[PDB]
Amino acid sequence: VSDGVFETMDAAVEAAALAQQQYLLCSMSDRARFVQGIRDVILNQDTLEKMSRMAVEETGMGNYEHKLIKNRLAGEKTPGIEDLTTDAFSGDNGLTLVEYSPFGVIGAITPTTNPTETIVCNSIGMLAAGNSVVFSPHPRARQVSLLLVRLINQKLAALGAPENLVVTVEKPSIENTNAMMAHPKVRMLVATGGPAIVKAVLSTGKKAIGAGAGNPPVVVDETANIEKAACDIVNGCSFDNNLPXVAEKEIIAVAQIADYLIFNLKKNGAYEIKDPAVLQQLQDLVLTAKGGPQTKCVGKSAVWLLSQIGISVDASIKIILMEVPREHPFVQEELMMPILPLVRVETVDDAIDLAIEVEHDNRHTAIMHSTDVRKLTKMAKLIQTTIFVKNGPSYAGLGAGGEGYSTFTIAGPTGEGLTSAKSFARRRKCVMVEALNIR
Amino acid sequence: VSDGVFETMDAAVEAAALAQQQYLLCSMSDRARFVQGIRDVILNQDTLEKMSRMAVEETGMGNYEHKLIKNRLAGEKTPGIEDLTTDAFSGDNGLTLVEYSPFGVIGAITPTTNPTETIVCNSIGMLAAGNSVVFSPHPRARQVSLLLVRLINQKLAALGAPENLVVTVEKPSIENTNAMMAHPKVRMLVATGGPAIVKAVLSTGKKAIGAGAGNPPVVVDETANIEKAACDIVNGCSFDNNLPXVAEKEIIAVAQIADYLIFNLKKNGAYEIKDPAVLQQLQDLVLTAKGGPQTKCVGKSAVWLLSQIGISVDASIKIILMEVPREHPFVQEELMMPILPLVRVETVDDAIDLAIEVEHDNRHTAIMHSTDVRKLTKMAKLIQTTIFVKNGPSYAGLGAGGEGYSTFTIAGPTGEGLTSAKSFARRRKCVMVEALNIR
Amino acid sequence: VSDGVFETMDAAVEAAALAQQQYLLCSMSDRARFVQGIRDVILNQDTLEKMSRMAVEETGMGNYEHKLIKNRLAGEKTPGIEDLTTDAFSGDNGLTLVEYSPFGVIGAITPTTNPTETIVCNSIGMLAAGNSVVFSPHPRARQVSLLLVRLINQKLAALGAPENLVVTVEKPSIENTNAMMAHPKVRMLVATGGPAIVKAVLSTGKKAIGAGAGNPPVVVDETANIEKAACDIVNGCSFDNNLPXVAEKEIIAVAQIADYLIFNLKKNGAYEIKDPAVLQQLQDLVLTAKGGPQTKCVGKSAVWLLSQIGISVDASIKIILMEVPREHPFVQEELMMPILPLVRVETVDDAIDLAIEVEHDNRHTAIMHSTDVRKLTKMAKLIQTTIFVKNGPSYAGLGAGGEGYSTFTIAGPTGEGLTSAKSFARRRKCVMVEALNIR
Amino acid sequence: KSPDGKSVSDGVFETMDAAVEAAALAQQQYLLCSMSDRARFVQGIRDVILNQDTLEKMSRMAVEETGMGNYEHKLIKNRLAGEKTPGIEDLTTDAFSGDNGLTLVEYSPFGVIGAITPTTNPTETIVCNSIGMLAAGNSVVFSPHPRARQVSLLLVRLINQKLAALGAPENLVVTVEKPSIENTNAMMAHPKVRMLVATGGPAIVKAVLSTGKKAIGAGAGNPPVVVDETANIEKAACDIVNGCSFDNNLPXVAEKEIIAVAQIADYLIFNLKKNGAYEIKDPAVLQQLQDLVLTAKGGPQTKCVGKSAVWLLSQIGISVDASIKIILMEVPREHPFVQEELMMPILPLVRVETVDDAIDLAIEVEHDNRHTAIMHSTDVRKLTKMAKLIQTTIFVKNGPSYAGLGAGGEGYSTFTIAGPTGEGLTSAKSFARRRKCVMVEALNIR
Ligand SMILES: CCC(=O)SCCNC(=O)CCNC(=O)[C@H](O)C(C)(C)COP(=O)(O)OP(=O)(O)OC[C@H]1O[C@@H](n2cnc3c(N)ncnc32)[C@H](O)[C@@H]1OP(=O)(O)O
Ligand SMILES: CC(C)(COP(=O)(O)OP(=O)(O)OC[C@H]1O[C@@H](n2cnc3c(N)ncnc32)[C@H](O)[C@@H]1OP(=O)(O)O)[C@@H](O)C(=O)NCCC(=O)NCCS
Ligand SMILES: CC(C)(COP(=O)(O)OP(=O)(O)OC[C@H]1O[C@@H](n2cnc3c(N)ncnc32)[C@H](O)[C@@H]1OP(=O)(O)O)[C@@H](O)C(=O)NCCC(=O)NCCS
Ligand SMILES: CC(C)(COP(=O)(O)OP(=O)(O)OC[C@H]1O[C@@H](n2cnc3c(N)ncnc32)[C@H](O)[C@@H]1OP(=O)(O)O)[C@@H](O)C(=O)NCCC(=O)NCCS
């Protein structure tokens, strides 16, 4: 029985192409069993712990406790076949049905920051829609990704699925990703990664979903529950060491509440840097010569980052907080580290304007703490982000403490929003002329 | 006041970019007024006839009568702002709203087969979704396209719209089209045209919706209403001289009813060619040396085509019919001419199998005449086309005699189906954590 | 042709029963034409003004300018056949369709407060769903109701409807109403009226929709836009002289803003009574010996009510306002007069508790002015009213300045909410076993 | 023209007044519970009936106490109620946003619901009603039939035990120690009952609609199954025998007369007998069965309702093995077996000339119940015509009638099928009041 891992990308694609042809003969009940199997794989406590620990050990990024939550979020709240609704319209001209049907072979690029969550979430959605999926995982997460694919293949084999619904290559690489993106039998590309790989998949001549960059501002105005806001912001920013695409990456605080907010942030585990010499040491540690984030620091804990500049703090410290001007690189750059700059502004309207500016027209994610329905509406409407979270941590936008389903492929540039099974399906219209209008 | 036509593509794109920024400040009521304005433009009887006549004259393709119908179909049954529905979910974690918001500037490539219908349909959908649109019309439809753009800009100015919501260039060209595709301020590309241009917009690094090619088979089995089938098939095949992407392009008839079908086809205006020499004359006329359709004959009437091989017939002749083997170029090629080959097969199951084969995995459009719900289901399910029409003319798939809305941008490889305003919008999720859950 | 007005209730019902049998043979396109026909009847400006003036002059209740708005609201925002959506579910077991189909003959009881609005709203919804309707109008609004029915029948005759889709009797009476309730061919009763007649239609052994009483509190807390709240409250309370079921009938104001609210209410046309002797005069005028509203005062203007106690004011006076304890009859009673008591409370939580109490478990309508999303949510969730309006006049709950459709039959005990065509339809399920599953 | 077709309180109270008062207090407390709480309680009810020992006990006990139905099929129907009754996911939200802000439409509780349950589906209805009503945030007072007293009270106690272990307010689901029609009348009259739900015959439906309260009435049917010449006749015979004999013809949807186009009627009958139909051709034997199963007034004998074909045949001296599932007879349309809703595995066949005649006759013998009808036909035009004209709450094409209840057809299940009051297949939504929340000029974030 195939374990889904192939020596060459071309062999993987051919196998997934044959698999998806056979898959088309399977029932929706079969699909639901396979979907549940993937859930059972990642939600099995032993595998859940193994995937969460292994990703941290292999990538050096994130933390075990939060990957437990994120992997479980992927397993529990990714939509299954119930996502594939049917539209119907009946009248004098008969019945029209609109269905979500498979693309075929989907090629999926997955990140090193959420390797297992994206595989679980992509796999469930793509197989629910009747596709097979070829994964090109990031080489930095090769071992955990290949093991997850093999575990999924083992489970699907036990469930009587066609072999090779979920496949990858023995040696993930840029070149194998290139081969996947260029293979004629790949019908759609899905890229969860940085803007480079997204531009690439959108340059292949193929249908592509691209999950893009963010720089999420969190605005706090004078009407917010400041004590809850501080707790939410620390939790959101430090969740998996700031790896989630939605995670807070700069605070924009109205002046009249900024000090009390800072006070409560420190109460909730923020380590405040005031010494500009200490701040400069941190900028030297976490920024490249080009001014971008140091990969060696991405997804490291606040404790670890502080230890690297000679500062020893206990486990209660969750973020590194500093009040800085808006031009500071911690504000402008998407660090993907639990380093959270705060910019003080005079009014909520200034805060909204600055949040739009620093979000850089990524239109990805933004957060606001405010009880004023008018200011919540104004910021949400103006900033036009794929995800907008009000009065909660950023991960409420992923279904953790907010209503809705979860995803780990959030599509901004291509506009799909929170991808689910429907996103991996072709919309088909079936017209029964002058029949089946039984009203 | 700008008329919407610019000397350079870069000027058109920059003007649309400013226009859309201003458009974001307009109400949904404003959008509805602008949508209605575009409907009023094309549905105005004088403009309706002028657009239909000018398109036929300038392109040499289609017929005036059917372009009246198609332009009216675009003006009347293209969804407006009511397409932009809202999803809501409420519970213990509060309320989550999901909305359709604008992309920004959309670059739209329009074909010379449906120049005005596509402009009307794209404009309504894209403006309804809060976008501006830059059109790159086909050079062979330059004059009618630019006049429509001018008339739209005139109407929108009278309605108080931002200037330059709908723009184009003075000199349409493949060079200007490539310039639009490369322009950084174009946020999404929409290509209604051949596979080459669709592959191109999908190779730009941008979100792109691409139309697809088809080769629509119409299967007729022994349970069909043969008299109605023959009428539907002639009407559908000869609609705008076989220009529509959905139009029937080969008949696959169960042998037991083929002769009765052919008899009724002839009664409905089919000119049957049985002389293999006359057939060869037709092939030499309508096929290039490479075997593809001759541009000079695309969209020409059956009367005109027969006259070019010296056969004079009255206006009651709508299609040219011939019984040929499946390998014949008229079967294999997407002629876009009212030339309709018929292949005879033993059983409905063979008809379904052959229909799948000759559709060439375009998964675009197929048609079936049959009253057997099992065979209707089998063919529709297996052939997996974006549009499937049962017991009607192909154009029932576009809302003309079938339930649903109309479009003239039917997505091919990108899977949106019949594009509408929704297709030109980004999906946005707004999460009100632990509030607005008022159940 | 029949003008739809019959000498006996039995003849009206028999005619409507035959009409609906014939109506079943009409298309959805026919239904849509008839719906548009009724809209055209009431939306014709000259007819709109005639109906509005005639109702006020015949009943003595309401005012002309606002009946213009309400009749237009009924004609413009009552859902048509688009309300009758189709649900579909497809899978291994085939296709299931769920449709909204006619009840048959519906007997509709209409009020003297909104005679023409209810006839328009009921007629459009009931005919859209494929029913016929027998109206039993209130005797006080006899002639305006019969004139509307005759105009509908004339319009429908011209549009080619079966005669007698909409019928009534020449002499409305409680006896004819009882005969409608008792008639075996009436398949559903709809009662828009006071609780006695609603209890009656729910005691007939028939499916019945019943209106409810209300006593709508409007809460204003310290976060509200007080200037806007004052304007909204005056407009909502005095709308058609407080006849609408949704209209504000007591203010519960948080002490922090109560005086400034009263100040702004007076600037918007509130006449404030502080003299307890004058207040006692008003109570003597508007209350019966048993403490309920005087019918002779229901729907009278504030100008008229003040003149009846010897106070002469100009037309800028829209409501009579008094700060009183919660036990005051004007708070406790649904006056249906532009008399608006204000009760002052310590906190928004006290305001919510009191609003729930004085709403008397009608669960009909409540209104809140507050910008705190938490307090808006708390009150909306706790008071459990069929309509809840936030930061607007009460009539925004009927589609006048709020999103959604309008109705003038807001169900009370029967739970349908804002009745529309769906409410007048039977839900039917059509199961195509193992076919038409074409995904 | 093919002649072969085409191949701690336990929830049980001394008086109705006490039960209603307890459920009213319970529902006030329930309003403070979260949707997560409701979901736990819904799952608790599912766990009660789907527990294998309780599933078997409920199914066996209902048959033994009522004398109606059969154990194997009540296992299926009870499991169908537990598995496919919608939960809180039924309570969807509508939203509309624009220049005037945001409007939300929600499904909110009625309060105390009084539910009358039948002796033909006593546990399935309790399970199905309980799940839907609690999902929507109501409490429910059950008034079961005296003939199903013991099994109904046990189920209520088991539900109360489970909900107590899950931390629910006491008495979300209640009933009375002594079920009686008089207690049903008392429940219908109680001021604190906000809605009545009646799963029963036409008299009880009329009664709940005569109370001054909102009532959902799930009425009678007489479901015809039309078979035309385009049908898969072999499958139709199998489906018809299975649907008619399901729980001994107790389900409201079950086939109760065949209307067969003449050209396939004999081949259909041959296949019906192949699939377990015992055909009576002897008019003397047919008269014997009529004397057995019809009362002096001509209605069904309660002693025979829900009895097996085997048992019914034995009562007229005919011994057959357990492969016999229905008693089949070809008769004129006027025959009482056609006209009456027997709720017995007795299935008359009426032969007609054409499918259009079959449709006309099916409409006629369905008696404007507009409840359930079934058609076997592959012709999309005749399927549409019959479905459109007969206007039934449930229409099943090319399957057994119980495919209309989510068993072999798409959709959810219910055991309260509302024709007269029009709710259709009742679910949690049906037990909720629609509420509209209008946020004027805010929360329009498009
Ligand atoms: C938001 C938009 C909306 O407001 S929705 C529209 C719903 N409007 C209402 O329900 C208004 C409630 N009606 C009332 O309060 C009263 O009718 C008011 C306005 C005080 C008028 O007084 P009055 O003339 O005495 O009418 P009434 O209903 O109180 O009773 C008078 C007798 O007439 C009867 N009646 C009632 N409706 C009908 C009818 N359609 N046809 C024949 N008779 C009717 C009543 O039963 C009553 O007779 P009886 O004394 O009960 O025997
Ligand atoms: C991935 C990360 C370690 C970047 O560090 P890095 O040193 O630049 O390493 P990269 O692998 O990304 O860069 C080398 C190439 O590998 C490409 N690449 C990204 N994912 C890849 C994948 N699954 N397979 C093959 N190549 C991949 C990158 O596009 C990049 O191309 P480039 O050299 O042209 O820029 C991390 O810091 C990061 O930026 N993650 C963002 C990705 C993301 O947004 N994921 C969304 C999670 S929901
Ligand atoms: C276009 C047509 C009338 C004539 O074919 P033709 O002689 O090759 O004419 P064209 O060369 O201009 O056809 C498209 C060509 O111009 C380009 N082109 C297409 N649309 C263009 C546009 N709006 N602007 C600029 N260039 C365009 C294409 O890149 C292609 O280039 P190519 O000649 O190198 O292949 C006919 O072949 C046709 O319409 N085919 C199908 C197109 C279609 O799918 N229409 C569906 C509309 S709903
Ligand atoms: C089996 C049955 C037919 C017994 O018939 P019966 O012996 O002649 O009459 P009953 O024993 O029911 O008692 C007579 C009255 O009790 C009433 N009744 C029915 N169910 C009742 C209940 N749960 N509680 C109190 N009274 C009830 C009815 O008014 C019935 O009137 P009826 O004789 O006109 O039918 C009957 O009890 C029954 O439940 N039928 C099911 C009808 C139905 O549509 N059920 C829906 C199943 S999902």
# chains A, B, ... in the order shown; residues from 1 in each chain; ligands from 1
>>> interface_residues(of="chain C", to="chain A", cutoff="7 Å", atoms="only C-alpha atoms", output="short mmCIF file (atom, residue, chain, number, x, y, z; two decimals) with C-alpha atoms, in the first residue's frame")
data_model
loop_
_atom_site.label_atom_id
_atom_site.label_comp_id
_atom_site.auth_asym_id
_atom_site.auth_seq_id
_atom_site.Cartn_x
_atom_site.Cartn_y
_atom_site.Cartn_z
CA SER C 27 -47.46 30.53 -13.76
CA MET C 28 -45.00 32.11 -11.36
CA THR C 86 -36.09 26.74 -2.56
CA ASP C 87 -33.89 24.61 -0.31
CA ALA C 88 -31.96 21.75 -1.91
CA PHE C 89 -29.84 18.91 -0.56
CA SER C 90 -28.07 16.40 -2.80
CA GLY C 91 -26.00 13.36 -1.98
CA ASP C 92 -25.88 9.59 -2.22
CA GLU C 99 -40.60 24.47 -1.52
CA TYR C 100 -43.23 26.94 -0.28
CA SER C 101 -46.68 26.10 -1.67
CA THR C 371 -23.61 52.93 21.33
CA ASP C 372 -22.31 50.27 23.74
CA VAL C 373 -22.45 47.01 21.78
CA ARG C 374 -22.57 45.14 25.10
CA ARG C 439 -22.41 17.02 -7.97
#
>>> interface_residues(of="chain C", to="chain D", cutoff="8 Å", atoms="only C-alpha atoms", output="CSV table (one decimal) with N, CA, C and O atoms, in the first residue's frame")
chain,number,residue,atom,x,y,z
C,89,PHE,N,-30.9,19.7,-1.2
C,89,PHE,CA,-29.8,18.9,-0.6
C,89,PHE,C,-29.6,17.7,-1.5
C,89,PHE,O,-30.6,17.0,-1.8
C,90,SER,N,-28.4,17.5,-1.9
C,90,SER,CA,-28.1,16.4,-2.8
C,90,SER,C,-26.9,15.6,-2.2
C,90,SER,O,-26.0,16.1,-1.5
C,91,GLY,N,-27.0,14.3,-2.5
C,91,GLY,CA,-26.0,13.4,-2.0
C,91,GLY,C,-26.3,12.0,-2.5
C,91,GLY,O,-26.9,11.8,-3.5
C,92,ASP,N,-25.8,11.0,-1.8
C,92,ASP,CA,-25.9,9.6,-2.2
C,92,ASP,C,-27.3,9.1,-2.4
C,92,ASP,O,-27.6,8.3,-3.2
C,93,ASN,N,-28.2,9.7,-1.6
C,93,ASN,CA,-29.6,9.3,-1.7
C,93,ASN,C,-30.4,10.1,-2.7
C,93,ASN,O,-31.7,10.0,-2.7
C,94,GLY,N,-29.8,10.9,-3.5
C,94,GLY,CA,-30.4,11.7,-4.5
C,94,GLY,C,-30.5,13.2,-4.2
C,94,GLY,O,-29.6,13.8,-3.7
C,95,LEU,N,-31.7,13.7,-4.5
C,95,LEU,CA,-31.9,15.2,-4.4
C,95,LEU,C,-33.2,15.3,-3.5
C,95,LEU,O,-34.2,14.6,-3.7
C,96,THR,N,-33.1,16.3,-2.6
C,96,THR,CA,-34.3,16.7,-1.8
C,96,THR,C,-34.5,18.2,-2.1
C,96,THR,O,-33.6,19.0,-1.9
C,101,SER,N,-45.5,26.3,-0.8
C,101,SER,CA,-46.7,26.1,-1.7
C,101,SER,C,-47.9,26.7,-1.0
C,101,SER,O,-47.9,27.0,0.2
C,103,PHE,N,-51.5,27.6,0.8
C,103,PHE,CA,-52.5,27.0,1.7
C,103,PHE,C,-53.8,26.8,1.0
C,103,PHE,O,-54.4,25.7,1.0
C,199,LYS,N,-57.4,36.1,19.7
C,199,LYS,CA,-57.8,34.9,20.4
C,199,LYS,C,-58.9,34.1,19.7
C,199,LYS,O,-58.9,32.9,19.7
C,200,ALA,N,-59.7,34.8,19.0
C,200,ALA,CA,-60.8,34.2,18.3
C,200,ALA,C,-60.3,33.3,17.1
C,200,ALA,O,-60.7,32.2,17.0
C,201,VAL,N,-59.4,33.9,16.3
C,201,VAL,CA,-59.0,33.1,15.1
C,201,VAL,C,-58.1,31.9,15.6
C,201,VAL,O,-58.0,31.0,14.8
C,202,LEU,N,-57.6,32.0,16.8
C,202,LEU,CA,-56.8,30.9,17.3
C,202,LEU,C,-57.7,29.9,18.0
C,202,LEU,O,-57.2,28.9,18.6
C,203,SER,N,-59.0,30.1,18.0
C,203,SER,CA,-60.0,29.2,18.7
C,203,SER,C,-60.9,28.6,17.7
C,203,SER,O,-62.0,28.1,18.0
C,204,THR,N,-60.6,28.5,16.4
C,204,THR,CA,-61.4,28.1,15.3
C,204,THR,C,-61.2,26.7,14.8
C,204,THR,O,-61.9,26.2,14.0
C,205,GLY,N,-60.1,26.0,15.3
C,205,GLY,CA,-59.8,24.8,14.7
C,205,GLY,C,-59.0,24.9,13.4
C,205,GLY,O,-58.9,23.8,12.7
C,206,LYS,N,-58.6,26.1,13.0
C,206,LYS,CA,-57.9,26.3,11.8
C,206,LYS,C,-56.5,26.8,12.1
C,206,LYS,O,-56.2,27.4,13.1
C,207,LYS,N,-55.5,26.5,11.2
C,207,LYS,CA,-54.3,27.3,11.2
C,207,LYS,C,-54.5,28.8,11.2
C,207,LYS,O,-55.3,29.3,10.4
C,208,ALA,N,-53.9,29.4,12.1
C,208,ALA,CA,-54.1,30.9,12.3
C,208,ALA,C,-52.8,31.6,12.6
C,208,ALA,O,-51.9,31.1,13.4
C,380,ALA,N,-31.3,43.5,23.9
C,380,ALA,CA,-31.9,42.8,22.8
C,380,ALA,C,-32.1,41.3,23.2
C,380,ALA,O,-33.2,40.7,23.0
C,384,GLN,N,-36.3,39.8,24.3
C,384,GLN,CA,-36.8,38.7,23.4
C,384,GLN,C,-38.0,39.2,22.6
C,384,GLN,O,-39.0,38.5,22.4
C,385,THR,N,-37.9,40.4,22.1
C,385,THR,CA,-39.0,41.0,21.3
C,385,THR,C,-38.9,40.5,19.8
C,385,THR,O,-37.8,40.3,19.3
C,386,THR,N,-40.1,40.4,19.2
C,386,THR,CA,-40.2,40.1,17.8
C,386,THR,C,-39.4,41.2,16.9
C,386,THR,O,-38.8,40.8,15.9
C,387,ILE,N,-39.4,42.4,17.4
C,387,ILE,CA,-38.7,43.5,16.7
C,387,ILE,C,-37.9,44.2,17.8
C,387,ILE,O,-38.4,44.5,18.8
C,388,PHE,N,-36.6,44.4,17.5
C,388,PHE,CA,-35.7,45.2,18.3
C,388,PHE,C,-35.0,46.2,17.4
C,388,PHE,O,-34.4,45.8,16.5
C,389,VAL,N,-35.1,47.5,17.8
C,389,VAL,CA,-34.5,48.5,17.0
C,389,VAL,C,-33.4,49.2,17.8
C,389,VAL,O,-33.7,49.6,19.0
C,390,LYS,N,-32.2,49.4,17.3
C,390,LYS,CA,-31.1,50.0,17.9
C,390,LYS,C,-30.8,51.3,17.2
C,390,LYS,O,-30.5,51.3,16.0
C,391,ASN,N,-30.8,52.4,17.9
C,391,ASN,CA,-30.4,53.7,17.5
C,391,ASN,C,-31.1,54.2,16.2
C,391,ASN,O,-30.5,54.7,15.3
C,392,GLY,N,-32.4,54.0,16.2
C,392,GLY,CA,-33.3,54.5,15.2
C,392,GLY,C,-34.7,54.6,15.6
C,392,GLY,O,-35.1,54.1,16.7
C,396,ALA,N,-38.0,51.9,11.8
C,396,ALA,CA,-36.9,51.2,11.1
C,396,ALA,C,-37.0,49.7,11.2
C,396,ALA,O,-36.4,49.0,10.4
C,397,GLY,N,-37.7,49.2,12.2
C,397,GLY,CA,-38.0,47.8,12.4
C,397,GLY,C,-39.0,47.2,11.3
C,397,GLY,O,-39.1,46.0,11.2
C,401,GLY,N,-35.9,53.0,7.0
C,401,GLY,CA,-34.7,53.3,7.6
C,401,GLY,C,-34.0,52.2,8.3
C,401,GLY,O,-33.1,52.5,9.1
C,402,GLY,N,-34.4,51.0,8.1
C,402,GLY,CA,-33.7,49.8,8.6
C,402,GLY,C,-33.7,48.8,7.5
C,402,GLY,O,-34.5,48.7,6.6
C,403,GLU,N,-32.6,47.9,7.5
C,403,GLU,CA,-32.5,46.9,6.5
C,403,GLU,C,-33.6,45.8,6.7
C,403,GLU,O,-34.0,45.5,7.8
C,404,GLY,N,-34.0,45.2,5.6
C,404,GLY,CA,-35.1,44.2,5.6
C,404,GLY,C,-36.3,44.6,5.0
C,404,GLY,O,-36.4,45.7,4.4
C,413,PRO,N,-48.6,35.8,19.2
C,413,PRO,CA,-48.5,34.5,19.8
C,413,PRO,C,-48.0,33.4,18.9
C,413,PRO,O,-47.5,32.4,19.4
C,414,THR,N,-48.1,33.6,17.6
C,414,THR,CA,-47.8,32.5,16.7
C,414,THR,C,-46.4,32.5,16.1
C,414,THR,O,-46.1,31.5,15.4
C,415,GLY,N,-45.6,33.5,16.4
C,415,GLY,CA,-44.1,33.3,16.3
C,415,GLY,C,-43.5,33.6,14.9
C,415,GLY,O,-42.3,33.4,14.7
C,416,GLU,N,-44.4,33.9,13.9
C,416,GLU,CA,-43.8,34.0,12.5
C,416,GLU,C,-43.0,35.3,12.4
C,416,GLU,O,-42.3,35.4,11.4
C,417,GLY,N,-43.0,36.2,13.3
C,417,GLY,CA,-42.3,37.5,13.2
C,417,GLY,C,-43.0,38.4,12.1
C,417,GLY,O,-44.2,38.5,12.1
C,425,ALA,N,-47.5,30.1,3.3
C,425,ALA,CA,-47.2,29.0,2.4
C,425,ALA,C,-47.0,27.8,3.3
C,425,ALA,O,-46.5,27.9,4.4
C,426,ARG,N,-47.3,26.6,2.7
C,426,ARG,CA,-47.0,25.3,3.3
C,426,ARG,C,-45.6,24.8,2.8
C,426,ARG,O,-45.4,24.9,1.6
C,427,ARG,N,-44.8,24.3,3.7
C,427,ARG,CA,-43.5,23.8,3.4
C,427,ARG,C,-43.6,22.4,2.9
C,427,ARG,O,-44.2,21.6,3.6
C,428,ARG,N,-43.2,22.1,1.7
C,428,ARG,CA,-43.3,20.8,1.1
C,428,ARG,C,-41.9,20.3,0.7
C,428,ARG,O,-41.0,21.0,0.3
C,429,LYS,N,-41.8,18.9,0.9
C,429,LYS,CA,-40.5,18.3,0.7
C,429,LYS,C,-40.7,17.2,-0.4
C,429,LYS,O,-41.5,16.4,-0.4
C,430,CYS,N,-39.8,17.3,-1.5
C,430,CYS,CA,-39.9,16.5,-2.6
C,430,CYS,C,-38.5,15.7,-2.7
C,430,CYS,O,-37.5,16.4,-2.9
C,431,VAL,N,-38.6,14.4,-2.6
C,431,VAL,CA,-37.4,13.6,-2.5
C,431,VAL,C,-37.3,12.7,-3.7
C,431,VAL,O,-38.1,11.8,-4.0
C,432,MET,N,-36.3,13.1,-4.6
C,432,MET,CA,-35.9,12.3,-5.7
C,432,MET,C,-34.9,11.2,-5.3
C,432,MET,O,-33.7,11.6,-5.1
C,433,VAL,N,-35.3,10.0,-5.1
C,433,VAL,CA,-34.4,9.0,-4.5
C,433,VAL,C,-33.4,8.6,-5.5
C,433,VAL,O,-33.8,8.1,-6.6
C,434,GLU,N,-32.1,8.7,-5.2
C,434,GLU,CA,-31.0,8.2,-6.0
C,434,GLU,C,-31.0,8.7,-7.4
C,434,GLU,O,-30.7,8.0,-8.3
>>> residues_around(residues="residue 104 of chain A", least_positions_apart="5", cutoff="8 Å", atoms="only C-alpha atoms", output="NGL selection string")
:A and (17 or 20-21 or 130-132 or 186-188)
>>> select_by_dssp(residues="segment 88-122 of chain A", states="strand (DSSP E or B)", output="PyMOL selection string")
chain A and resi 88-91+94-102+105-110
>>> write_last_selection(atoms="C-alpha atoms", output="compact mmCIF listing (two decimals), in the first residue's frame")
# COMPACT_ATOMS: atom_id res chain seq x y z
CA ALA A 88 -31.75 25.63 -6.15
CA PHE A 89 -34.08 27.90 -8.09
CA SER A 90 -37.43 26.67 -9.37
CA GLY A 91 -40.08 28.35 -11.44
CA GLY A 94 -38.09 24.36 -14.44
CA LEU A 95 -35.35 23.73 -11.89
CA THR A 96 -31.79 25.01 -11.73
CA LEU A 97 -29.31 23.34 -9.37
CA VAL A 98 -25.90 24.79 -8.51
CA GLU A 99 -23.35 22.38 -7.05
CA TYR A 100 -19.71 22.42 -5.89
CA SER A 101 -17.72 19.81 -7.79
CA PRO A 102 -14.03 18.75 -7.80
CA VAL A 105 -5.54 17.35 -8.63
CA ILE A 106 -4.77 20.29 -6.34
CA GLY A 107 -1.17 21.26 -5.66
CA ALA A 108 -0.80 22.75 -2.19
CA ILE A 109 2.21 24.63 -0.83
CA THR A 110 2.38 24.68 2.94
>>> residues_near_ligand(ligand="ligand 4", cutoff="9 Å", atoms="only C-alpha atoms and all ligand atoms", output="PyMOL selection string")
chain D and resi 66+68+115-122+124-125+142-148+179-185+198-205+207+218-221+250-253+299-303+305-306+343+414-417
